[PDB]
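Novice: Compute the structure for the input listed below.
(chains A, B and C)
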Amino acid sequence: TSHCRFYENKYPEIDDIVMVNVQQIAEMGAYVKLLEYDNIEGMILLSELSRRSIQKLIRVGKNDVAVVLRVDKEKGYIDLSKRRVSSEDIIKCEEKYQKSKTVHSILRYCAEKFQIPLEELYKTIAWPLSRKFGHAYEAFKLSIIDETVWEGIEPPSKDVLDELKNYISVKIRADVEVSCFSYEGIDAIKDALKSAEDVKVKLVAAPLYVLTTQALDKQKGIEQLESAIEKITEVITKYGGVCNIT
Amino acid sequence: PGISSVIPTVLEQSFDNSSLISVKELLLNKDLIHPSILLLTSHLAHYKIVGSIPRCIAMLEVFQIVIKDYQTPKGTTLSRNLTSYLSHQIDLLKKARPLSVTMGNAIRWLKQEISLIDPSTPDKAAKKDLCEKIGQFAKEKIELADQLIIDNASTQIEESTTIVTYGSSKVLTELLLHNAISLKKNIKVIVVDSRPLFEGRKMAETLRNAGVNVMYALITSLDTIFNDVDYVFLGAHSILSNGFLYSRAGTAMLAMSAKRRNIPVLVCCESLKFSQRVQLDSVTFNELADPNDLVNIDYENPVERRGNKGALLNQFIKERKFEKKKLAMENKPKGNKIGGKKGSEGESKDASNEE
Amino acid sequence: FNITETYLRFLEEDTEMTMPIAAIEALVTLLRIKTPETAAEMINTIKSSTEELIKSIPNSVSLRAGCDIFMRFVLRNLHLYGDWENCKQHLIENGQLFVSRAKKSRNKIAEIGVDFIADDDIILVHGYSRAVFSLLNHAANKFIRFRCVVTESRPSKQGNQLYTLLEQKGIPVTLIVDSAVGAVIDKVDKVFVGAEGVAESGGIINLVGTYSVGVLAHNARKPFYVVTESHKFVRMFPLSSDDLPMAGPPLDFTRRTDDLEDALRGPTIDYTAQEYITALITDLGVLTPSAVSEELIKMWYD
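Specialist: Numbering: from 1, shown residues only, chains lettered A, B, ... in the order given. Structure data below:
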């Protein structure tokens, strides 16, 4: 089940920014659910929504950037405005929303695993990360780089945490053909193999040797493979045997 | 462009407001012509399914495809020969078969868009956004309009209804389907159809495929099911700023009958169907195909038979002419529902200022 | 904050203040409690109130229309987007202001609509609308040249009441039955009909028969009329020959009886089309053909 507010408190403040997902329009405006501050409905009247064909769009799926005007902190009533939000911090707001979404996505494995309420899990996550640091995505990033935030809280599920870490955390192939004619052979082959290994190396049938080289930062691959090939070439020519590289 | 004229059949003494015939069989085609358009033309030449609404959508799709295919050249700019190309395409379309008001509107919109974006902008960045905008437009001025129509129907139509329609009005078919399956109510739907087009038949088939009880009808009588019939929607193509309708076949007759007996008729349309051009008779602008739909003795369309029919010039003077589009009246279609929800056709151009 | 009580209070009063007006005033009062600024609390409450009204309603749409109008007005109000208190104050003001407007409207009517009266023309007023009666009175005061005629209407004896009211004035009075209206084709000069609601274009709601009258007028090529003040603008359109929300059943073939139980059932309400009416009578300048629809378009933008 999907519930629970993004921040620490249930109800929004004055002047703060929220992102809304629209469900239905006309008659009132948009009494719609929020994706920045809880799943409970918040309404805009048909005046603050538009500035500059207006009725033609705004149905299901489309997102609106809005500022909160009036909050009733007693039973549950939210008032919003679209016109006031200037296009200077809109990008920043969008970024924030994205970060929030990512955080929410991150808090799903736990929900899946131990079959317990999501809100409590969220609360348990938000106490070290969302409280002291500020925004949560950056904190998460920091943790993944250098463990610094997970120290403050004890884990009821360490395995789940490990899984999460794992989730948060390129193979190139080469061909070598061997066909000797000299005295010794198997030993030579072994030697050749030893010059082209360092991760995963496997044998297929007989004439071909297949090795997979792991790339650190995308472009890397030729800077070792070629050397290995050269070494192989150096190896086999001395005794009286021939090897080919396509 | 290629080859024009060189065709049989006389000019006809009765009714000659528009030119009557063309490019069907391809020979010596130009290098720059996109084959999709040709294919579409070939389809339209002998088409059964589409009418007004889906045609425009298809055209839009084709245009989008063309846009996707095209990049800014080194010598010529982005706004250098595009307009010319568009014009050529339009001419070709005209040559093939006369077009709709919606299509014209779309063309106008495209032109406006072209005018808007300056050639100094990055090219890759430009069409990335342009295509998105086009998509948005498509979503709004078609699918959203359809949705609006559906919702209008929902509030208005009573608890389960007997419905009568004509033609291949795709939106109306969709609505019917929705009524049948989605919201779930009784659908005693009656469809009428003429000789030259098997549109009604096709619609009936489609309904059957979805699981709908259909009543099939022809020209000889309509009243046989009326004298019982309670609520009726008519076939739509294009609207004028008079309050009249330019639609397909004996819809006018049906409307007249409705006026005579018990209850008037109502038509729902898209908000971008309206024109600002006006006319008031079935002599103004006639839409024509070849007199061959009734030459084959009933049943199916591709048959090839030996018999008696086929005397366009063979015997001592004979003409076998017909019409496709006729004038629907004003006093009878009281209802018009669009992107602006509610209104009457008496308010013939109340939405043209707002748009 | 209570509307059923208000409804109970007003049914046969009218005269001084229009029925709809009172409702509008009540709505305004309701609004001026929960603050118009806090749109989360307010609009929902308004909707609830409307629902309650609907529940309490048997055979009317006028009240609903009024409340929709009020809502529209409220929506229009906040378009100044500056200081939020002044707008609220204005909203608070517009309630008794609406009532005041009625007098002004009446005065306007007494000046623009008094040009119509010609040499020997017999006037027949249909239904019950205060504005029409006021107009008639003002015409009598002017002493052009006329004749005031009444009907045998059947809701809760309205026609008779109207006749009695007319008697007070003194002007000589003769009656027309719902059936015996057929003989009138040219003798009664102009066919006037009072309104209890004006819809999109030509759509008007009154009492137990208007459409037939309209048809008759059309047949005769007679001038047909819709006469009202200012509080009834609706977004509505029917599909068949007649379609409305109903409490009295349409064509209720009453169950087998011998000692009488229930019988008085049929089309209690009536609509009119666009083609039948030649002239529209409202205080809002001099508008006739399809101005109400345009107004609606301007308002709703939906």
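Novice: Go through the one helix or strand residue A:187 maps to and flag the buried ones.
Specialist: Per DSSP states H and E, residue A:187 falls inside helix A:186-194. Going by neighbour count (16 or more other CB atoms under 10 Å in any protein chain shown), the buried part of helix A:186-194 is A:188-189, A:192-193. For the C-beta atoms, the positions are set from N, CA and C on the backbone; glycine is no exception.
Novice: what are the pairing partners of whichever helix or strand comes after that helix, and which direction each?
Specialist: Sequence-wise, the next helix or strand downstream of helix A:186-194 (DSSP H and E) is strand A:200-203. Applying DSSP bridges to the sheet, strand A:200-203 is found paired with strand A:208-214 (antiparallel).
Novice: How about the contacts made by the residue in the stretch 201-302 of chain C that chain A sits nearest to?
Specialist: The stretch 201-302 of chain C approaches chain A most closely through residue C:302 (5.6 Å), counting by CB to the nearest CB. Remark: with contacts taken as CB atoms under 8 Å, 6 or more residues apart in numbering or on different chains, residue C:302 is in contact with A:26, A:55, B:340-341.
Novice: what do you get if the cut-off is 7 Å, keeping everything else the same?
Specialist: A:26, A:55, B:341 (CB atoms under 7 Å, 6 or more residues apart in numbering or on different chains).
Novice: doesn't residue B:151 make contact with the last one?
Specialist: No - the pair residue B:341 and residue B:151 fails to qualify as a contact (CB atoms under 7 Å) at a distance of 8.3 Å.
Novice: Who has more neighbours out of the two?
Specialist: Neighbours were counted for residue B:341 and for residue B:151 using other CB atoms under 10 Å in any protein chain shown; residue B:341 has more, 19 against 13.
Novice: Contact partners for that one?
Specialist: Neighbour list for residue B:341: B:148, B:152, C:302 [criterion: CB under 7 Å, 6+ apart].
Novice: What about those residues, which are in helices?
Specialist: B:148, B:152 (DSSP state H).
Novice: Report the buried residues of the longest helix along chain A.
Specialist: In chain A, with assignment by DSSP H, the single longest helix is helix A:90-106. By 16+ other CB under 10 Å, the buried positions in helix A:90-106 come out as A:93, A:96-97, A:100, A:103, A:106.
Novice: do stretch C:138-157 as well
Specialist: Going by neighbour count (16+ other CB under 10 Å), the buried part of stretch C:138-157 is C:138-139, C:146, C:148-154.
Novice: so how far is residue B:67 from residue A:57?
Specialist: 22 Å (CB to CB, to the nearest Å).
Novice: Quick check, the residue in the stretch 1-150 of chain B closest to chain C?
Specialist: residue B:148 (9.6 Å).
Novice: what about that residue, neighbour count?
Specialist: If you count neighbours by other CB under 10 Å, residue B:148 ends up with 22.
Novice: ok, which residues in chain A are in contact with chain B?
Specialist: A:56-57, A:59 (CB under 7 Å from any CB of the partner chain).
Novice: mind running it again at 10 Å?
Specialist: Counting by CB under 10 Å from any CB of the partner chain, chain A comes close to chain B at A:26, A:53, A:55-60.
Novice: And for the stretch 101-250 of chain C?
Specialist: Taking CB under 10 Å from any CB as the contact definition, the stretch 101-250 of chain C meets chain B at C:199-203, C:235-243.
Novice: Recalculate using a threshold of 7 Å.
Specialist: Counting by CB under 7 Å from any CB, the stretch 101-250 of chain C sits next to chain B at C:200-201, C:235, C:237, C:239-241.
Novice: which parts of the stretch 251-355 of chain B sit against chain A?
Specialist: By CB under 7 Å from any CB, the residues of the stretch 251-355 of chain B that approach chain A are residue B:339.
Novice: Tell me where the stretch 251-355 of chain B has strands.
Specialist: For the stretch 251-355 of chain B, the strands defined by DSSP state E, counting those that start in this stretch cover B:265-268, B:325-328, B:333-337.
Novice: From residue B:320, how far off is the residue nearest the centre of chain A?
Specialist: Residue closest to the average C-alpha location in chain A (CA atoms, centre = their mean): residue A:168, at 6.4 Å. Residue A:168 is 77 Å from residue B:320, where distance means CB to CB.
Novice: distance of the closest residue to the residue nearest to the centre of chain A other than its chain neighbours from residue A:165?
Specialist: Excluding the flanking residues, the one nearest residue A:168 by CB to CB, 6 or more residues apart in numbering or on different chains is residue A:144, at 5.0 Å. From residue A:144 over to residue A:165 the distance is 7 Å, taken as CB to CB.
Novice: Ok, residue C:138 next?
Specialist: Taking CB to CB, one finds residue C:138 at 88 Å from residue A:165.
Novice: Name all residues that make contact with the residue in chain B positioned nearest to chain A.
Specialist: Going by CB to the nearest CB, chain A is nearest to residue B:140 of chain B, at 4.8 Å. By CB under 7 Å, 6+ apart, the contact set of residue B:140 is A:56-57.
Novice: per the record, what domains does chain A have?
Specialist: Split into domains by CATH domains of a matching chain, chain A comes to A:16-88, A:89-169, A:170-245.
Novice: Nearest to chain B among the residues of chain A next to chain B?
Specialist: Checking the residues of chain A next to chain B against chain B by CB to the nearest CB gives residue A:56 as the nearest, at 4.8 Å.
Novice: Can you tell me the SS state at that closest one?
Specialist: Three-state call for residue A:56 (DSSP: H, G, I helix; E, B strand; the rest coil): coil.
Novice: isn't it right next to residue B:338, touching?
Specialist: No - look at residue A:56 against residue B:338 with CB under 7 Å: they stay out of range, at 10.9 Å.
Novice: and residue 219, how many neighbours does it have?
Specialist: Went with chain A since none was named. Residue A:219 has 9 neighbours, counted by other CB under 10 Å.
Novice: wait, I meant chain C there
Specialist: With other CB under 10 Å as criterion, residue C:219 counts 9.
Novice: And the residue in chain C sticking out farthest from the centre, its phi and psi?
Specialist: Here the centre of chain C is the reference, and by CA atoms, centre = their mean the most remote residue is residue C:258, at 39.7 Å. Backbone torsions of residue C:258, given as degrees, to the nearest 10, read phi -150, psi -20.
Novice: Residue B:165 belongs to a strand?
Specialist: Yes - the assignment for residue B:165 is a strand, going by three-state DSSP.
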